[PDB]
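Enquirer: As input, take target-v7.pdb (PDB, C-alpha atoms (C1' of nucleotides) and all ligand atoms):
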MODEL        1
ATOM      1  CA  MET R   1       0.000   0.000   0.000  1.00  0.00           C
ATOM      2  CA  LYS R   2       1.321   3.538   0.794  1.00  0.00           C
ATOM      3  CA  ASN R   3       2.158   3.648  -2.955  1.00  0.00           C
ATOM      4  CA  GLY R   4       5.785   4.991  -3.341  1.00  0.00           C
ATOM      5  CA  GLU R   5       4.495   7.939  -1.272  1.00  0.00           C
ATOM      6  CA  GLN R   6       2.143   8.340  -4.252  1.00  0.00           C
ATOM      7  CA  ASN R   7       4.196   6.007  -6.575  1.00  0.00           C
ATOM      8  CA  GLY R   8       5.160   8.741  -8.990  1.00  0.00           C
ATOM      9  CA  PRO R   9       4.524  11.513  -6.432  1.00  0.00           C
ATOM     10  CA  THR R  10       1.626  13.386  -8.006  1.00  0.00           C
ATOM     11  CA  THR R  11       3.932  16.249  -8.924  1.00  0.00           C
ATOM     12  CA  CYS R  12       2.761  18.851 -11.413  1.00  0.00           C
ATOM     13  CA  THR R  13       4.892  18.048 -14.461  1.00  0.00           C
ATOM     14  CA  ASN R  14       4.237  21.739 -15.227  1.00  0.00           C
ATOM     15  CA  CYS R  15       5.044  23.497 -11.886  1.00  0.00           C
ATOM     16  CA  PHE R  16       6.184  20.687  -9.520  1.00  0.00           C
ATOM     17  CA  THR R  17       3.337  21.636  -7.128  1.00  0.00           C
ATOM     18  CA  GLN R  18       2.787  18.679  -4.746  1.00  0.00           C
ATOM     19  CA  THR R  19       0.036  20.286  -2.630  1.00  0.00           C
ATOM     20  CA  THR R  20      -3.323  20.953  -4.323  1.00  0.00           C
ATOM     21  CA  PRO R  21      -7.117  20.721  -3.605  1.00  0.00           C
ATOM     22  CA  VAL R  22      -7.501  18.505  -6.700  1.00  0.00           C
ATOM     23  CA  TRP R  23      -5.458  17.002  -9.555  1.00  0.00           C
ATOM     24  CA  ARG R  24      -6.307  17.767 -13.217  1.00  0.00           C
ATOM     25  CA  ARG R  25      -5.292  15.857 -16.368  1.00  0.00           C
ATOM     26  CA  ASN R  26      -4.501  16.679 -20.024  1.00  0.00           C
ATOM     27  CA  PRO R  27      -5.531  14.689 -23.190  1.00  0.00           C
ATOM     28  CA  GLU R  28      -1.894  13.419 -23.103  1.00  0.00           C
ATOM     29  CA  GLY R  29      -2.315  11.735 -19.686  1.00  0.00           C
ATOM     30  CA  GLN R  30       0.241  13.901 -17.819  1.00  0.00           C
ATOM     31  CA  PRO R  31      -0.678  14.793 -14.171  1.00  0.00           C
ATOM     32  CA  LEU R  32      -1.199  18.535 -13.489  1.00  0.00           C
ATOM     33  CA  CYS R  33      -2.116  20.617 -10.421  1.00  0.00           C
ATOM     34  CA  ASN R  34      -5.397  22.567 -10.523  1.00  0.00           C
ATOM     35  CA  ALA R  35      -3.736  25.930 -11.307  1.00  0.00           C
ATOM     36  CA  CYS R  36      -1.837  24.760 -14.430  1.00  0.00           C
ATOM     37  CA  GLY R  37      -4.805  22.670 -15.599  1.00  0.00           C
ATOM     38  CA  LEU R  38      -7.114  25.666 -15.111  1.00  0.00           C
ATOM     39  CA  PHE R  39      -4.729  28.393 -16.353  1.00  0.00           C
ATOM     40  CA  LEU R  40      -2.967  26.368 -19.077  1.00  0.00           C
ATOM     41  CA  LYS R  41      -6.239  25.040 -20.535  1.00  0.00           C
ATOM     42  CA  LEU R  42      -7.889  28.497 -20.390  1.00  0.00           C
ATOM     43  CA  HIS R  43      -4.842  30.395 -21.746  1.00  0.00           C
ATOM     44  CA  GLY R  44      -3.369  27.752 -24.110  1.00  0.00           C
ATOM     45  CA  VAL R  45       0.117  29.386 -23.989  1.00  0.00           C
ATOM     46  CA  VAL R  46       3.275  28.908 -21.886  1.00  0.00           C
ATOM     47  CA  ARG R  47       3.224  30.870 -18.595  1.00  0.00           C
ATOM     48  CA  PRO R  48       5.999  32.182 -16.253  1.00  0.00           C
ATOM     49  CA  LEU R  49       5.838  29.278 -13.776  1.00  0.00           C
ATOM     50  CA  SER R  50       7.542  31.788 -11.443  1.00  0.00           C
ATOM     51  CA  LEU R  51       3.997  32.696 -10.305  1.00  0.00           C
ATOM     52  CA  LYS R  52       3.454  29.318  -8.605  1.00  0.00           C
ATOM     53  CA  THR R  53       4.097  29.300  -4.832  1.00  0.00           C
ATOM     54  CA  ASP R  54       4.362  26.693  -2.041  1.00  0.00           C
ATOM     55  CA  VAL R  55       1.554  28.497  -0.177  1.00  0.00           C
ATOM     56  CA  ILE R  56      -2.086  28.318  -1.355  1.00  0.00           C
ATOM     57  CA  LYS R  57      -4.487  31.130  -0.431  1.00  0.00           C
ATOM     58  CA  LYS R  58      -7.560  29.676   1.302  1.00  0.00           C
ATOM     59  CA  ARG R  59     -10.741  31.322  -0.022  1.00  0.00           C
ATOM     60  CA  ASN R  60     -14.091  31.295   1.752  1.00  0.00           C
ATOM     61  CA  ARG R  61     -16.651  28.579   1.039  1.00  0.00           C
ATOM     62  CA  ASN R  62     -20.327  28.941   0.208  1.00  0.00           C
ATOM     63  CA  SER R  63     -21.620  27.151   3.300  1.00  0.00           C
ATOM     64  CA  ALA R  64     -24.387  25.381   1.373  1.00  0.00           C
ATOM     65  CA  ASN R  65     -26.804  23.256   3.445  1.00  0.00           C
ATOM     66  CA  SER R  66     -29.690  24.964   5.298  1.00  0.00           C
TER      67      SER R  66
ATOM     68  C1'  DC Y   1     -17.764   9.313  -3.851  1.00  0.00           C
ATOM     69  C1'  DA Y   2     -14.780  11.635  -7.350  1.00  0.00           C
ATOM     70  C1'  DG Y   3     -13.756  14.828 -11.099  1.00  0.00           C
ATOM     71  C1'  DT Y   4     -14.839  18.557 -14.559  1.00  0.00           C
ATOM     72  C1'  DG Y   5     -16.195  23.315 -16.353  1.00  0.00           C
ATOM     73  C1'  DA Y   6     -17.575  27.840 -15.305  1.00  0.00           C
ATOM     74  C1'  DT Y   7     -17.963  31.829 -12.762  1.00  0.00           C
ATOM     75  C1'  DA Y   8     -16.652  35.199  -9.390  1.00  0.00           C
ATOM     76  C1'  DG Y   9     -13.695  37.483  -5.761  1.00  0.00           C
ATOM     77  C1'  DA Y  10      -9.627  39.391  -3.764  1.00  0.00           C
ATOM     78  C1'  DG Y  11      -5.019  41.605  -3.720  1.00  0.00           C
ATOM     79  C1'  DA Y  12      -1.349  44.749  -5.468  1.00  0.00           C
ATOM     80  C1'  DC Y  13       0.422  48.911  -7.642  1.00  0.00           C
TER      81       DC Y  13
ATOM     82  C1'  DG O   1      -9.151  52.884  -9.828  1.00  0.00           C
ATOM     83  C1'  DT O   2      -8.278  48.827 -12.644  1.00  0.00           C
ATOM     84  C1'  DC O   3      -6.410  44.321 -13.977  1.00  0.00           C
ATOM     85  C1'  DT O   4      -5.391  39.449 -13.320  1.00  0.00           C
ATOM     86  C1'  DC O   5      -4.938  34.743 -11.361  1.00  0.00           C
ATOM     87  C1'  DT O   6      -6.606  31.251  -8.594  1.00  0.00           C
ATOM     88  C1'  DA O   7     -10.145  28.523  -5.769  1.00  0.00           C
ATOM     89  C1'  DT O   8     -14.336  27.000  -4.959  1.00  0.00           C
ATOM     90  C1'  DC O   9     -19.296  25.428  -6.227  1.00  0.00           C
ATOM     91  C1'  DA O  10     -22.694  22.591  -8.622  1.00  0.00           C
ATOM     92  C1'  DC O  11     -23.777  18.653 -11.339  1.00  0.00           C
ATOM     93  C1'  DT O  12     -23.523  13.686 -13.014  1.00  0.00           C
ATOM     94  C1'  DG O  13     -22.569   8.485 -13.306  1.00  0.00           C
TER      95       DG O  13
HETATM   96 ZN    ZN N 101       0.960  23.128 -11.715  1.00  0.00          ZN
ENDMDL
END
How does the structure come out when it is put into C-alpha cells?

Expert:
Amino acid sequence: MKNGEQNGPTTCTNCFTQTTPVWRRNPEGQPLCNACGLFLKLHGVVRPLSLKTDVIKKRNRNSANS
DNA sequence: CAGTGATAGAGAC
DNA sequence: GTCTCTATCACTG
C-alpha cells in the first residue's frame, strides 16, 4: 500500500506543485495541479511558472446546506 | 464518492 | 481605480 508515497509523487509536471485541492489531467495523460490545468487550458500558452508558490491562499466557502 | 467546467472574488500597484 | 490569477461550487454516473 502507501504507494511509493504516491508512486510517482503526483507532482505537477508543469510546476512541480505537490500540494493541491484537486489534480487535473490533459488529453496526453500527464498529471497537473489545478492551477496549471485551469490556467494552461484556459490560456493555451506557456506561462511564467515563477507565479506558482508553495503556499495556497484559502478562499471562503459557500456554506451550502440549510 | 470523485472529477470537470464555469464563474466570481480578492489583492497589489 | 483597474487588472489578473486562482479557488471554490454545482452537477452527473
Ligand atoms: Zn501546476

Enquirer: For the interface of chain R with ligand ZN 101 (chain N) (cut-off 9 Å, counting all atoms listed in the file), please tabulate each contacting residue of chain R alongside its nearest pair of atoms and their separation in Å to one decimal, rows sorted by chain and increasing number, as JSON lines.

Expert:
{"residue": "R:11", "atom": "CA", "partner": "N:ZN101", "partner_atom": "ZN", "distance": 8.0}
{"residue": "R:12", "atom": "CA", "partner": "N:ZN101", "partner_atom": "ZN", "distance": 4.7}
{"residue": "R:13", "atom": "CA", "partner": "N:ZN101", "partner_atom": "ZN", "distance": 7.0}
{"residue": "R:14", "atom": "CA", "partner": "N:ZN101", "partner_atom": "ZN", "distance": 5.0}
{"residue": "R:15", "atom": "CA", "partner": "N:ZN101", "partner_atom": "ZN", "distance": 4.1}
{"residue": "R:16", "atom": "CA", "partner": "N:ZN101", "partner_atom": "ZN", "distance": 6.2}
{"residue": "R:17", "atom": "CA", "partner": "N:ZN101", "partner_atom": "ZN", "distance": 5.4}
{"residue": "R:18", "atom": "CA", "partner": "N:ZN101", "partner_atom": "ZN", "distance": 8.5}
{"residue": "R:20", "atom": "CA", "partner": "N:ZN101", "partner_atom": "ZN", "distance": 8.8}
{"residue": "R:31", "atom": "CA", "partner": "N:ZN101", "partner_atom": "ZN", "distance": 8.8}
{"residue": "R:32", "atom": "CA", "partner": "N:ZN101", "partner_atom": "ZN", "distance": 5.4}
{"residue": "R:33", "atom": "CA", "partner": "N:ZN101", "partner_atom": "ZN", "distance": 4.2}
{"residue": "R:34", "atom": "CA", "partner": "N:ZN101", "partner_atom": "ZN", "distance": 6.5}
{"residue": "R:35", "atom": "CA", "partner": "N:ZN101", "partner_atom": "ZN", "distance": 5.5}
{"residue": "R:36", "atom": "CA", "partner": "N:ZN101", "partner_atom": "ZN", "distance": 4.2}
{"residue": "R:37", "atom": "CA", "partner": "N:ZN101", "partner_atom": "ZN", "distance": 7.0}
{"residue": "R:40", "atom": "CA", "partner": "N:ZN101", "partner_atom": "ZN", "distance": 9.0}
{"residue": "R:49", "atom": "CA", "partner": "N:ZN101", "partner_atom": "ZN", "distance": 8.1}
{"residue": "R:52", "atom": "CA", "partner": "N:ZN101", "partner_atom": "ZN", "distance": 7.4}

Enquirer: Just the selected residues (C-alpha atoms), exported as a compact mmCIF listing (two decimals), in the frame of the given file, please.

Expert:
# COMPACT_ATOMS: atom_id res chain seq x y z
CA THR R 11 3.93 16.25 -8.92
CA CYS R 12 2.76 18.85 -11.41
CA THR R 13 4.89 18.05 -14.46
CA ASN R 14 4.24 21.74 -15.23
CA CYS R 15 5.04 23.50 -11.89
CA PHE R 16 6.18 20.69 -9.52
CA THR R 17 3.34 21.64 -7.13
CA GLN R 18 2.79 18.68 -4.75
CA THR R 20 -3.32 20.95 -4.32
CA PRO R 31 -0.68 14.79 -14.17
CA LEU R 32 -1.20 18.54 -13.49
CA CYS R 33 -2.12 20.62 -10.42
CA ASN R 34 -5.40 22.57 -10.52
CA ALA R 35 -3.74 25.93 -11.31
CA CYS R 36 -1.84 24.76 -14.43
CA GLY R 37 -4.80 22.67 -15.60
CA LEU R 40 -2.97 26.37 -19.08
CA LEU R 49 5.84 29.28 -13.78
CA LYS R 52 3.45 29.32 -8.60

Enquirer: Apply the PyMOL selection byres ((chain R) within 9 of (chain O)) to the displayed file and report the matching residues as a list in words.

Expert: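 Applying the PyMOL selection byres ((chain R) within 9 of (chain O)) to the structure shown produces residues 21, 34, 35, 38, 39, 57, 58, 59, 60, 61 and 62 of chain R.
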
Enquirer: For the residues in the current selection, export C-alpha atoms as a PDB file, in the coordinates of the input.

Expert:
ATOM      1  CA  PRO R  21      -7.117  20.721  -3.605  1.00  0.00           C
ATOM      2  CA  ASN R  34      -5.397  22.567 -10.523  1.00  0.00           C
ATOM      3  CA  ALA R  35      -3.736  25.930 -11.307  1.00  0.00           C
ATOM      4  CA  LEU R  38      -7.114  25.666 -15.111  1.00  0.00           C
ATOM      5  CA  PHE R  39      -4.729  28.393 -16.353  1.00  0.00           C
ATOM      6  CA  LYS R  57      -4.487  31.130  -0.431  1.00  0.00           C
ATOM      7  CA  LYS R  58      -7.560  29.676   1.302  1.00  0.00           C
ATOM      8  CA  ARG R  59     -10.741  31.322  -0.022  1.00  0.00           C
ATOM      9  CA  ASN R  60     -14.091  31.295   1.752  1.00  0.00           C
ATOM     10  CA  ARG R  61     -16.651  28.579   1.039  1.00  0.00           C
ATOM     11  CA  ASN R  62     -20.327  28.941   0.208  1.00  0.00           C
TER      12      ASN R  62
END

Enquirer: Carefully work through the PyMOL selection byres ((chain Y) within 10 of (chain R)) for this structure and note down the residues it includes, as a PyMOL selection string.

Expert: chain Y and resi 3-5+9-10

Enquirer: Calculate how many Å separate atom CA of residue 41 of chain R from atom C1' of residue 6 of chain Y, rounding to one decimal.

Expert: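 About the pair atom CA of residue 41 of chain R and atom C1' of residue 6 of chain Y: they are 12.8 Å apart.
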
Enquirer: When you draw a straight line from atom CA of residue 25 of chain R to atom CA of residue 9 of chain R, how long is it in Å?

Expert: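 Computing the Euclidean distance for atom CA of residue 25 of chain R and atom CA of residue 9 of chain R yields 14.6 Å.
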
Enquirer: Rounded to one decimal, what separation in Å do you get between atom CA of residue 4 of chain R and atom CA of residue 28 of chain R?

Expert: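 Atom CA of residue 4 of chain R sits 22.8 Å away from atom CA of residue 28 of chain R.
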